[PDB]
Structure formats: C-alpha cells, structure tokens
Amino acid sequence: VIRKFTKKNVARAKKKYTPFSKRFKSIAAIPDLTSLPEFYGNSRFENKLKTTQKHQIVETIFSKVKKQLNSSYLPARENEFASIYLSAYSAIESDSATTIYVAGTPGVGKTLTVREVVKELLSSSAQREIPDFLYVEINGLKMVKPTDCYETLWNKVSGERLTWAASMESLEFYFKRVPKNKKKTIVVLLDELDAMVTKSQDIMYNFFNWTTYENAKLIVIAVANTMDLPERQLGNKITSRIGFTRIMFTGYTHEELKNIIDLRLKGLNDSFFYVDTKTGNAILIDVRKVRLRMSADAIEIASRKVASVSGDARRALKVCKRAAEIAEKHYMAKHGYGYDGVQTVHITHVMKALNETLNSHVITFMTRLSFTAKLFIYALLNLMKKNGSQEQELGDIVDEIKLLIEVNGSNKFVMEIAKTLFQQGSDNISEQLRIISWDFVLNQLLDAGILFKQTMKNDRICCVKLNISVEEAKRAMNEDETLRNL
Amino acid sequence: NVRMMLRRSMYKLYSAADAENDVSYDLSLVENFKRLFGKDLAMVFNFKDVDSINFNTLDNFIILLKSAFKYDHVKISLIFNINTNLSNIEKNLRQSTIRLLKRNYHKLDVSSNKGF
Amino acid sequence: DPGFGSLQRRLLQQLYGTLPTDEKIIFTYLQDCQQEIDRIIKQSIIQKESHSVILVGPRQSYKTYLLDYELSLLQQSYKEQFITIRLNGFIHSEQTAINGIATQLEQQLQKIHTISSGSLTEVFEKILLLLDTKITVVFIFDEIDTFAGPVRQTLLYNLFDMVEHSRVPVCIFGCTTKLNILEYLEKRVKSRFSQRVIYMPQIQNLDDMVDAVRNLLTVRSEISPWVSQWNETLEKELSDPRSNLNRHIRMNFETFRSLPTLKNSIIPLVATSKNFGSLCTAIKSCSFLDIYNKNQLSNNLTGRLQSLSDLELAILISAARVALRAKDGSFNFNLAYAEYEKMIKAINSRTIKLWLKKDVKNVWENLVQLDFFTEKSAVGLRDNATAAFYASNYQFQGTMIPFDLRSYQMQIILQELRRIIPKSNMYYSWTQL
Amino acid sequence: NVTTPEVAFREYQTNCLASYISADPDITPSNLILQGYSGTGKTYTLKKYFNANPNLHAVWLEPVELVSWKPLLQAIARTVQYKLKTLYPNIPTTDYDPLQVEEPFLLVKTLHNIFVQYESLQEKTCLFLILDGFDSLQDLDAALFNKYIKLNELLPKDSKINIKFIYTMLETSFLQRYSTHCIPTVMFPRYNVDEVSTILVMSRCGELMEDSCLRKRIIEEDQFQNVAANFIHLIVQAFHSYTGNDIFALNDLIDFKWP
Ligand SMILES: Nc1ncnc2c1ncn2[C@@H]1O[C@H](COP(=O)(O)OP(=O)(O)OP(=O)(O)O)[C@@H](O)[C@H]1O
Ligand SMILES: Nc1ncnc2c1ncn2[C@@H]1O[C@H](COP(=O)(O)OP(=O)(O)OP(=O)(O)O)[C@@H](O)[C@H]1O
Ligand SMILES: Nc1ncnc2c1ncn2[C@@H]1O[C@H](COP(=O)(O)OP(=O)(O)OP(=O)(O)O)[C@@H](O)[C@H]1O
Ligand SMILES: [Mg+2]
Ligand SMILES: [Mg+2]
Ligand SMILES: [Mg+2]
C-alpha cells in the first residue's frame, strides 16, 4: 500500500482502554479496595546521578548563610493553616467530601502551608485520631497535556495505567458508585489549576463535581493565582452548587518577611566559627575563630523593599542570598581562597544586590553603541519630535540621517566621518544610499528590543517605532558629546 | 500553491510507477526514479482549465519542473487546455517562461466548431 | 617554505578561535564578565550549588564563546563531576525540547559510567523523576526568549523549580539578545528565577578594539621562524596612529563596533598571501580590506543601479517620476510606459529607439526581480512558518488582475537616482521634475 | 594546500573561496554564504572550485526541488548517508531511515547517530553541504535560516566528521535580515556587457560552429568561429537594452535566431 504521508516516530504508551465500570460484574461485586496490594500505592533513578569526589570542598563561613537561605529549606500563616486544617480535618473525620480553593500571588507560601497542613493531618492519622487517607499531588504546570491529571490520579488510586478518558470514567464510577466502607479517603492538591483550565473547564468542573458526591470521600485543595477563576470558568449557579471554601493569600508585610529571614538565620547570626586560615574552610562551634553577623537594618530595608513591590518570600530570601554571595566574592578575592575578626554582611551589599534588580540596562546599552546606531536613534527622535507620530517610515529616517550629515558640514567630527559613513573610507567605493552598517544596526536594535519594525517588504515605507520609551532615548543621546551639541 | 502541485504530482507518479518503502513526495523522486524502478521516465502533465488556475502558481510550477532537465533519464511534456486564446495566456505568464516554452510547442484547435 | 605555511595556519587558527583551551585568547574587555561566569560554574560543578542565570547581549557578543571556554576549562579538571544538556530556541520546540533533554541525558550519563523511551508524558515524568557527591547537570539554553512566550511557559517553570527545590545540583545558563528578558517571563516563572542577569560587556573605546586585534594576531608561541618578525611588524603597525590598520579599526569602531566583522575581513587577507613578504605588504597597505568592503556593497541598491541597461534605467526613471507625482507613491506598467514614451519623444524632439509595450514587459519583470519595484502593501517574507503557511493558502488579488494594472511602489526614489546617476548620462535631466 | 582555478571574471570570488573552503576543519567557517542574482556565476564558480579540488568532500542539494523544510531535512540526512557510504565503503554503518527526520531536532539526532559510527577515521574531515538556492525555497519563512546557522552548535565539536554549510542565495534583503550573525559572505555582482559578451562567446561558439544547420548550409552551396562570434556580438548589440545583462535571455535569443 502506497501511503500519502508517514508517521515514523509514533511512541504510544501501553495504557488500557477499559474503564473501572467493567472490572467487576455488579456494584456489589467490588471487594475491599483498601485490602488490595495495587490500590492506594500498596524512584530508582538516584544512582544514575552519582559520582565520587577527589578533593574536599572548602566551605567558607558565608556558604552556611547561602545554603541556609534556600527555598528548598510556618511563621505568619496561622489563620490560613487553621482554616485549611479544620476544613480538611472536619471533612475527614465525618467521611465527607469537600473542596478548598486557595488563591494568591506567587511566593506567598500557599503550597508550603497546604503541604504542612497535609503532613499534620498525616501525623494525626498516625495517632489514629482520624482514619487513614491517600495523598495525591497534581501540578498543572508539570504536564504535557492537561488531561494527564486524569491519568495520574487514577494511577495513584488503583495502580493501573489507563488512557485519560477511560481514567475519567473510572474516577467518576469510583467517586459515585463505590461504597464508602470499601474505599479510602483521598486528599488531592490541585496546584496551578489555571494551567489545567486554559483550553476548557472540564477538569475544573469534574474535580469540583466529584466532591458533591455522597460516596466520594474526597478532599480537593485547589491552588490558583487569581480569585475569580471559578467564577469565570464555571457559572455562579455551579459555584453556588458546590460551595467551596474560599481562602485568599495576601502578600507578606515587611515585618513578616524579616521574621522569615532571621528564622532562616536563627542559628547562624552572632555565632562562632573555626576558620582554616590557609584554605578558608569554616566549622561551626593555624585556626582563627571568626564571628559572623548580618546587621538588622540590612534585612530590614531588604524586607521593606520586597514588601512594597511583590511581598513574596522568594525575592527577600534571594536578595539576602545574593548579598551573602557578593560578600563572599569580595572575601574570597581579598584572601586569595579557592573553590576546592568579624565577618559581616553589610548594608551596602544588600544595597548592591537590590540595585541589580532595581536598575535597567537600557540607557547603559544605548550609551555604548556605535555612532551609526546613535545616529539612527537621534534621527528617530528628531522625526517623532517633528511630526509627532510615534511610528516613522524608514525612508524618512534615511532622509533625516542624510540631512543631519549635510547640515553639519562645519563640524569637525562630521567632516572627518562622512567619508567613512558613505564610502567606507575608500575612493573606489561609490557613494551609498544607506550609511555603512545600516542594516547591521537596524537588526541589532531590533534584536535588542529597542526597536519594533512592522513586516513589510518595501524597505522605504516600512515603519519603525521605539519599543522602550522616549525618555531613556533622550537620556542616552544627551550623554553623547557629539549628538548633544548638534 | 506550488507545494500541493508537486505533492499531488509525485504521489500520482509514485502510485503509477508502483501499480505496474515510502518516499518523500518531492522532485528527488524524479532524480531517483531510475535507481528505484530501473527504467527511464516520461511525464506528461495535463493542466485542465488553464484559464482558471492562478498563473503565478502555474509559472512557479513550470520553473520548478525546469529543474528536472539536468537528469538524463527524464523527459517532460506539458498539455495546456486553453479555452480563451493563446494571447490571453502569454500575457499572464512571465517572458522568461514564454521563452522557455517556445523551444518546441504545437498548437491544436480541438474545438468541435473547427471545420463543422 | 613550510615556515610561512605554519605561520599562516597559526594566524588562521587564532582568527577562528580553534586553539586549545590553554592557548585560547580572551580579550581584556571581556575578562571581568568571563570571571563572573567562571564564578557561577565553579559554584555549580565543584561546590554543588544550583544556579539560574541569563546572559543578555547582542549577536556575536561572545556568550557561546565564553560558555564553551568555561565548560572546556572545567572538562580538563572535573570531567566526572558534571554533564551538559544544550538546547536551542530555534531548533527545539516545546515538545521536542523534552525529547532533546532526555536524549542528551541518556548519552551524557553513558559518557561517564531508559529516560527517552515512551510517549511525551512518560518521558517528561521520567525527566522529573531524574531531576526534581552528586553529578551537576548544566543546562545551556540558547534563545531562551522563544520559550518565554505568551503561552504556557512549562519548561522554564520546571527548570527553575529544579533550581530552587531539587537535591540534584542544577545550573541553567540562558542566552538572549532581548534587554527586557525579565518582562518575558510569567510571574510564577519570574518568581522562581534567581534574577541573576549578566549583561555582556560592550566595546567602550578604540583601544579596546586595538588591544583585541593585537591579541588576535600576535603569535605567542615559537612555531615558525617568521614569528618574531611578524610580531614586530604587527606592533609597528598597531603603534602607528596614522597606519592603515588603525584607520580600518577606527572605521569599524565607528560603524560596526564588531570584532567578528573585522575578523571576516582579516581572514582572507592572511589566507590569500603567498609568502611572508606578501603578507607583510598586505598588512602594511590593507588594500585587500578596501577590495573586501567594495565587494560587500556590490549588490546593494547602488551597485545594482550601475548594472542596468539604458532601457532599464529609462523605465526606472519613468516609474520614479510617476511615483513621485502620485499621492500615495503607487504606479503601474501603463503609467510608467506613458511617462517613458513622452520622455523619449521629448528627448528626440530636441536618436533613441522607442521600444514597444511587449518588449518593455520583460524589462519590467527584470526590474521587479531585481527588487527595484515592490508590490503595493505587500508583507513579503513572513516571520514564522505558520504565517507563511496561512499566506500560501490565500489567493492574493494582485495575482489575478493583468500585469499592466498591478500597483507598485519604488524602493529607490527619484532624488536618490539624481544622487547616484552620473551627469554624463543621457537621462540625467529627467531625474528632476 | 588548495588549488585556485581560473574563472574568467570571478578571480576575487575564487580567491575568497580558496580562503574559506578548506579540508582542515579548524580553519573553515561553519557557515559560508555566496550571494548573487541570477546568472552571476555562483554555481559555475563553486563547481569549478570543487572540481579543481577533488579531495574536498561536497554534497550538492538544490532546495528549489524540495519546496518545504521537511523534505529539505530528509534530503540532508539521505544525501549525507549516501555520500558517507560511497566515500568510506569499509566502515560498517546502520542505514538510518531519512523519513524518520520530521523535526530539526530529529535531524540533529540522526546526524549524530550517522557521525558516531565514523569515529575510526584517522584525521578530522569536512563535509560540505552546499544548499544551492536556499532562498529559492517556495515556502520560505524568516525563522528557517536561523535553524541552519545554529545547527553546528548542537553537534559534537570533537567529532571526526564535521559538517560545513555553504549557502547560495539570490535576494540582498533576505541576506540583510541576517546581518548581525557576521557570517562570511562572498558577493557575485552582475556582469557588464563586455563580460556577458565574452562569456557568451566562450560558452556558445563551439556549439554554434559545430551545429548541423551550418554544415548543411556550407554543403548546400576559424572563420566558422568568426561568424559565430560575430553573430553573438550582433545579438548583444541588438538586444542588450532589452535583455539587460541576462545570460539566459540572450542565450534563448541566440538559440532562436541562429538557424
Ligand atoms: N511563611 C513562610 N515561612 C517560611 N518560608 C516561606 C514562607 N512562605 C514562603 N516561604 C519560602 O518561599 C517559598 C515559596 O513558597 P511557596 O512555594 O509555598 O509559594 P506559592 O504561593 O505556592 O507560589 P507559586 O504561586 O509561585 O507556586 C517556599 O518554598 C519557602 O522556601
Ligand atoms: N566554540 C567556539 N570556538 C571558537 N570560536 C567560537 C566558538 N563559539 C563562538 N565562537 C566565535 O566567537 C565569536 C562570538 O560569537 P558567539 O557565537 O560566541 O556569540 P553569541 O553572543 O553567543 O551569539 P548569538 O547570540 O548569535 O548566539 C564569533 O566570531 C564566533 O565565531
Ligand atoms: N565566469 C564565467 N565563465 C564562463 N561561463 C560562465 C561564467 N559565468 C557564467 N557562465 C555561464 O553562464 C551560466 C549561468 O551561470 P550560473 O548557472 O553559474 O549562474 P548562477 O548565478 O548560479 O544562477 P542562478 O541564480 O540562476 O542559479 C553558466 O552555466 C555558464 O555556462
Ligand atoms: Mg506553589
Ligand atoms: Mg550563541
Ligand atoms: Mg545556479
């Protein structure tokens, strides 16, 4: 058979098609799923990434501060912890089904406190105060396809691998018809729910609908970045019909961020260290004893700057880590140390680490361009000063460049550079319609994002706009000693 | 477009050659024709309703088929079903394409009105 | 003699940067940036910290060069401590990046001592099982702006989560030309990013370019008898402020400010020399640089104008006259021919053969083909393959009307033709209205 | 270590070709562009250079026959495999299916799998992939050439076989879209009337003087070359204003008006 096209790289998973409604003859024929070694979960790739080191690492006194300010390593989230914990505990002890929607901006401690509530629930179930439950964590931004959540959750429930539609019918039949005495309670963390709802609202409506079933024994914790995601993905009738718990996560204040930072630094500040003077390795208590500190006002202004802009813990922790890294860079450069009295992280280190975030490189990039690129930007600024359109044709820029060269003939620099600009300093080269490196600087300003150019194959009538603002361009061209006097 | 013309032409060519291992439906089927099937190739293109095909596409397809002239086992014949007249056709084709088509062409009045 | 061949080969390998790592040339104005990059990699492969950092700079600003030199520096001392996964934003799509990561992981783990088997869901789950002392995984992401699209930024989210939370040491080097790269990221992605942005250092003064040329062309190993004399000839030409070499370096500094642009001209100056005296004469004169610069401009709108015939030039001038008189700059074949025929009639009244319409059609097609004319409001060459596919299935209105009625616009205006056409040409007086 | 042949008005282009194209991969650029309009002798000069250096390993692809990007990738994989097994017949290789290449990443993977089985070679070699007419591709989006510039970065640098790309393109504006990449580019400017006349004489006088109609005319009733050259200059003097500097159009007019 002669084919019209070929698909030669099809890789298909060995996933079955038959849903759970056909695994048994009747609803009364289903055994105890808790007493089954494939149900409810009743990582071999670590040794791939393993090797042996030859030389010992020199662990500098600041590397403790850097390692201990990582996001991988619950002050201020007590009402949220209490609310999620009492909703989940009350629904678990009553063998009911509930759903808690948690919203907020990134980095405010949403996933962390939901996980801490879940571990506290697991510890209480270890003391047999509440019945046992399965914990499933489903992240919408960790998927190839949004329907794979259906494949994931059922695989955590039954242990078998199905396709997503059959998994959806299996989960529907599990939460609807399977009796409560033959099943276990399930707590689902639906993180990044906006990643799974972009195409359509099937996953949102299915997961919220399963908690309305009397047989479900299902706890769904759904975490998102906007508050009106259920109100705009489902109607108000549906959201009134489910009745989810609604919890917002406001950004941290500066005092809360400060307590977070020095609770990360509780055992390290104002502490002693035995430091090897020839290598720089430090051991927490030929050897010098060095005290280490971070000042209070540095953390204070860092947490004050973060709480004004974003209020998230990740930025505050990362500027503290960057300040410690800057201090350790200067320390290692001063003492000549390698990789294999009082040491302080100062206010100026936090200032510099914040200034790398605060400042922009647009003006600095534009002041170090060539004369032709600055000529292009100056001609563009002259054109938007004259006709006031904010989009200029490229031919108008060419004519404005030609006019600026022709007018300033008495200037020493323009007289010295015009032969370069229109003949590349050579008498065998004819006078060109464009300047030398015209398309080079046009492509460079388009690649940098300074410019925007429309898609048009006529090079004269094609339009170009500044993609930054007019004031950084004015500040850049007034820095140049050539452009600012003409 | 020219891509669909070439893909349909090479699918029909490969199907007709197989009728009496998959391949790419492009002009490398033409250059590899004697390596696969062992015999020489004579393609006869019949363009139906030439007054209806977009002439830029047809010009680019003729320029595409010009690339097969460097293969010694290929000859190409073109049949144009002209409905209006020949002067209306050559005013829509580019002059280099007309110079290409001028080397050997034959006109044939195929109307039922001719001679009654 | 083999000595000049050895010296020419050494100059060519120094210009292409294909020396070994111990002999590799690093420019002074780059060195601090190199040291900063040298810090971050040394905090990942040796000290097992996790880093994410984006290098921002223009094309040919030595991002890939410095990253490759750092990796090949670390490869000769710690080869069992890290693996390298490299992705490119042009080649890898959102689907094929996962397959590329898995394939590169399985070969790089077999180069020290399956993830890539199955569907995309299974492969991505196995990758997250692998990633989300220990071997450092170093990711080199070229054109990282293409994955920071207005679409779910799934891969950047997962890579930055591997940076923050994973027990595997992970170092990401993104590379971009966009100065506002932080605005491209979604909030969750930006929050998970370390906000360590290295802007690549620019050439600030002419002595930076002079020192870089001195670094590129000085042979610092005695592998030829001509090495010392070539070095002192080089130092004499680079020390003279009025030499031809300093003039060309100043010219590049004011126009391109690009050392690779200068290397592309210096390479066939060295490679076309036949002996040592010819090479010394060529570096004294730099006449080959002028010939090179003349060749690089030979197919722009100036050199294409001088290749036209007098009938082609007459049709171009007539079309420019009609386009200048038109309100929107549009013209067609009929208006241009009418202007041309009244122009030949007014010249012959004060002899020139007037060509017919059928012959002027070929000249018109040749002027369209040489990009002197352009179809009105034509987009031209589309940005991406999807837009080109959408355009290729559309039937444009210009392709069905007869050729004499198609609207066209000039890529060169009448004033530019008056600038370029010499005074002795017989159609120069019609470049004014 | 290379031979620079004689091309009649392309001496600078041949010298640049000798300066850039070499059998040693350390002194050879990854990408080389030859830019010129139609009939400027790009194919002629490149063919003369590669036939003057038979030790250079070149693979010729014309992308006007492939139309789209996927057949171009498949043709690259197929022709690279074919050239390697007719170049090294004593190296046992697995014949990879070129139709499995449906993505640029798949081309990278397939080329890596092709090149790892030639590591038994002694010296590092060059594979010259000549994409004669890249911008003659019919679909031709802007983002395609950027995939081919950066293709060598994804392939192993210490491999025995290194792929070198030589691109031929027509339009100046297409080339000027990629000016910041600083790829070495050799320009082929359009010939003048004298150069066109000399090229037409040297390429068509031997075919005109040995034609069947002329030798039938001398029997019905150096100087044959004189009358063929005189016809060529008469055709040029009559029709240079009409054809411009087009070699092909003047060749058609010569072929039409010779009998
Ligand atoms: N209250 C807190 N106490 C201590 N550390 C915190 C706190 N809140 C956040 N952090 C730190 O900041 C990190 C970010 O928190 P988390 O992952 O819970 O944020 P999130 O609100 O879920 O963010 P996103 O929307 O980006 O996923 C945590 O991993 C932790 O290291
Ligand atoms: N691995 C390498 N070995 C030798 N020279 C190299 C290497 N990588 C790049 N170069 C050279 O370094 C110079 C700078 O180009 P490079 O590719 O490093 O810039 P870039 O900023 O990474 O570019 P782009 O943004 O276009 O990817 C060029 O002349 C290039 O040929
Ligand atoms: N320098 C030359 N010496 C002799 N003949 C030449 C020369 N240049 C061109 N020709 C002749 O003109 C023909 C056309 O040249 P060629 O095909 O190389 O041009 P091109 O620029 O590659 O064209 P295109 O853009 O159409 O592919 C050649 O096949 C050859 O017969
Ligand atoms: Mg979270
Ligand atoms: Mg790069
Ligand atoms: Mg050619």
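Residues numbered from 1 in each chain as written, not as in the entry; some residues may be left out. Chains lettered and ligands numbered in written order. Part of a larger assembly, values for the part shown. Heavy atoms only, no water.

Chain B appears in the PDB entry as Origin recognition complex subunit 3 from Saccharomyces cerevisiae. Here the PDB entry title reads "S. cerevisiae ORC bound to 84 bp ARS1 DNA".

As annotated in the PDB entry, chain A is Origin recognition complex subunit 1 from Saccharomyces cerevisiae. Word for word, the UniProt comment on chain A under Function is "Component of the origin recognition complex (ORC) that binds origins of replication. It has a role in both chromosomal replication and mating type transcriptional silencing. Binds to the ARS consensus sequence (ACS) of origins of replication." Under the UniProt heading Subcellular location, the entry covering chain A gives this text: "Nucleus". (UniProt positions renumbered as here; feature names shortened; annotations may be inferred.)

**Looking at the overall build of chain B**
Within chain B, the secondary structure is distributed over 6 helices and 2 strands. The order of α-helices and β-strands along chain B, N terminus first, is α-α-α-β-α-β-α-α. For chain B, the C-alpha atoms occupy an extent of roughly 50 × 30 × 25 Å along the three principal directions. Counting across all 116 residues of chain B, residues that qualify as buried make up 38%. In the form shown here, chain B has an accessible surface area of approximately 7300 Å², with 49% of it arising from carbon and sulfur atoms. Charge-centre separation for chain B: the mean point of 18 positive side chains lies 5 Å from the mean point of 12 negative side chains. (Helix = DSSP H or I, 4+ residues; strand = E, 2+ residues; numbered from the N terminus. Buried < 20%, exposed > 50% of the residue type's maximum accessible area, 1.4 Å probe, protein only. Areas by Shrake-Rupley, 256 points an atom, 1.4 Å probe, with all protein chains shown as cover. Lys, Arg positive; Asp, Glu negative; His and termini not counted. Charge placed at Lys NZ, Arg CZ, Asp CG, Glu CD.)

**Here's the deal with the overall build of chain A**
Within chain A, the secondary structure is distributed over 18 helices and 12 strands. In summary, chain A has a C-alpha radius of gyration of 32 Å against a globular reference of 23 Å for 486 residues, an excess of more than 25%. Expressed along its principal axes, the backbone C-alpha trace of chain A runs to roughly 100 × 80 × 50 Å. Taking all 486 residues of chain A together, 50% fall into the buried category. Within the structure as shown, chain A displays about 23000 Å² of accessible surface, and the carbon and sulfur contribution to it stands at 50%. Computed over 72 positive and 55 negative side-chain charges, the separation of the two mean positions in chain A equals 6 Å. (Rg over C-alpha atoms; globule rule 2.2 N^0.38 Å.)

**Remarks on the packing of helix α12 (residues 259-271) of chain C against helix α14 (residues 287-296) of chain C**
Residues and elements named next belong to chain C. The geometry of α12 relative to α14 is characterised by a closest axis approach of 9 Å and an angle of 125° between their N-to-C directions. Put simply, α12 runs oblique to α14. Pair α12 / α14 crosses with right-handed handedness. Side by side, α12 and α14 meet where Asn-264, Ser-265, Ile-266, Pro-268 and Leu-269 of the first sit next to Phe-288, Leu-289 and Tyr-292 of the second. Classifying every residue of the contact of α12 with α14 by side-chain character gives 6 nonpolar, 2 polar and no charged. (Axes fitted to C-alpha atoms, helices over the stretch in contact; angles between N-to-C directions. Parallel < 35°, antiparallel > 145°, perpendicular 65-115°, else oblique. Left-handed = near helix turned anticlockwise from the far one by under 90°. Contact = heavy atoms within 4.5 Å. Nonpolar A, V, L, I, M, F, W, Y, C, P; charged D, E, K, R; others polar.)

**Some points on the pattern of salt bridges**
Enumeration over the complete set of coordinates arrives at 59 salt bridges over all chains. Note that A:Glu479 and A:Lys374 form a salt bridge whose closest N and O atoms lie 3.7 Å from each other. Here A:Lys374 lies in helix α14 (residues 371-386) and A:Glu479 lies in helix α18 (residues 470-479), a separation of 105 residues in the sequence. Note on A:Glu479: relative accessible area 39%, which makes it partly exposed. A relative accessible area of 5% places A:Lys374 in the buried class. For B:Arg99, the salt bridge goes to D:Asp252, with nearest N and O atoms at 3.6 Å. Of this pair, B:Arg99 sits in helix α6 (residues 95-101) while D:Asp252 sits in helix α10 (residues 247-257), each in a different chain. Each member of the pair, B:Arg99 as well as D:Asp252, carries the same accessibility label: buried. One network of salt bridges, with partners in common, ties together B:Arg99, B:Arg103, D:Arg204, D:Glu207, D:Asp252 and D:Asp255. (Salt bridge = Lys/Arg side-chain N within 4 Å of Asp/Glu carboxyl O.)

**Thoughts on the sheet that holds strand β12 (residues 463-466) of chain A**
All names here are of chain A. The strand order across the open sheet built from 3 strands is β10-β12-β11, with neighbouring strands paired in antiparallel fashion. Each edge of the open sheet is held by one strand with a lone partner, namely β10 (392-393) and β11 (451-453). Relative to β12, β11 runs antiparallel, the two being bridged by 3 bridges. If you follow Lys-453 over to β12, its bridge partner there is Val-464. (Pairing = 2+ DSSP bridges.)

**Remarks on the packing of aromatic side chains**
Counting across every chain of the model gives 64 aromatic pairs over all chains. When the centroid spacing of 6.4 Å and the interplanar angle of 40° are considered together, the rings of A:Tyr101 and A:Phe244 count as tilted. Placement of A:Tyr101 in strand β1 (residues 98-104) and of A:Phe244 in the loop between α8 (236-242) and β5 (245-249) is noted, with a sequence separation of 143 residues between them. Judged by relative accessible area, A:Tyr101 falls into the buried class, the value being 0%. Taking the centre distance of 6.2 Å and the plane angle of 35° together, the rings of D:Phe134 and D:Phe174 count as tilted. Here D:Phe134 is found in the loop between β3 (125-132) and α5 (144-149), whereas its partner D:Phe174 is found in helix α6 (residues 172-176), with 40 residues between them in sequence. Judged by its relative accessible area of 1%, D:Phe134 is buried. (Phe/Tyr/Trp six-rings, centres within 6.5 Å; stacked < 30°, edge-to-face > 60°.)

**Some details on the site of ligand 3**
Residues and elements named next belong to chain D. Taken together, the neighbourhood of ligand 3 is formed by 16 residues, with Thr-40, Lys-42, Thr-43, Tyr-44 and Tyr-191 sitting nearest. The contact in question runs from an oxygen atom of ligand 3 to an N or O atom on the side chain of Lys-42, over 2.7 Å. Here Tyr-44 contributes a backbone N or O atom positioned 2.9 Å from an oxygen atom of ligand 3. Considered on its own, ligand 3 offers 640 Å² of accessible surface; in the complex 77% of this is hidden by protein. Secondary structure elements with two or more residues in the shell around ligand 3: α2 (42-52), α7 (193-209) and α10. (Near = heavy atom within 4 Å. Polar contact = N/O pair within 3.5 Å; in protein donor to acceptor, adjacent residues only side chain to side chain.)

**Thoughts on the interface of chain B and chain D**
At the junction of the two partners, chain B supplies 19 residues and chain D supplies 17 residues. Carbon and sulfur atoms make up 53% of the area that chain B and chain D hide from each other, which totals about 1500 Å². Area buried by chain B at its contact with chain D is led by B:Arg3, B:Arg99 and B:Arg103, which between them contribute 36% of it. If you look at where chain B meets chain D, you find 5 salt bridges. (Buried area = accessible area lost by both parts, 1.4 Å probe.)

**Brief notes about the interface of chain A and chain C**
Opposite the 84 residues of chain A that make contact, chain C presents 90 residues. Of the roughly 8200 Å² buried between chain A and chain C, counting both surfaces, carbon and sulfur atoms make up 53%. On the chain A side of the contact with chain C, A:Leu49, A:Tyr339 and A:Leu433 bury the most area, a combined 11% of that side's loss. Across the contact surface, chain A and chain C share 11 salt bridges. Here C:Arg188 makes a salt bridge to A:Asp194, at a shortest N to O gap of 3.0 Å. Joining chain A to chain C, the criterion identifies 50 residue pairs in polar contact. Those elements giving two or more residues to the side of chain A that touches chain C turn out to be α1 (61-67), α4 (148-157), α11 (313-335), α13 (362-367), α14, α15 (394-407), α16 (412-423) and α17 (438-447) of chain A. In terms of residues, the side of chain A that touches chain C owes the most to one element, α11(A), which gives 9 residues.

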